């Protein structure tokens, strides 16, 4: 008889989220994230970036656009460097596993809902 309400759907979505939080994928992400916070080269580059971001806000505000563009290029060069660090590559692989899982859930749900609608139209 009774149709599920949106509160019922959302409550079960929070149950699914808690199960996703207890996966090897989210486990690997948590472990990969803890390693980046213990890497000296990561520390150095993030701190250079943060100092530059500080100069960038100043330069934007005084309309020193040429100097701003040099600062933004240097931020882009440091961001590129960060991505080459193997603890950062491992963290990116772990982020991709979590995002791939959420995407598989959404697609699974979307496809099955669409399927059940199509079969109902007869």
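Numbering follows the first chain given and starts at 1.
Quiz item: Averaging C-alpha B-factors over each stretch, which comes out higher, 89-97 or 62-70?
Solution: It is 62-70.
Practice problem: Quick one: say whether 1-9 or 111-119 has the higher mean Cα B-factor in the deposited entry. | Solution: According to the entry, 1-9 carries the higher average C-alpha B-factor.
Quiz prompt | Entry-reported Cα temperature factor of residue 78, expressed as the chain third it lands in | solution = For residue 78, whose C-alpha B-factor we compare with every modelled residue in the chain, the answer is the middle third.
Quiz prompt | Ranked against its chain, the third holding the CA B-factor of residue 30 | solution = Residue 30: CA B-factor falls in the lowest third of its chain.
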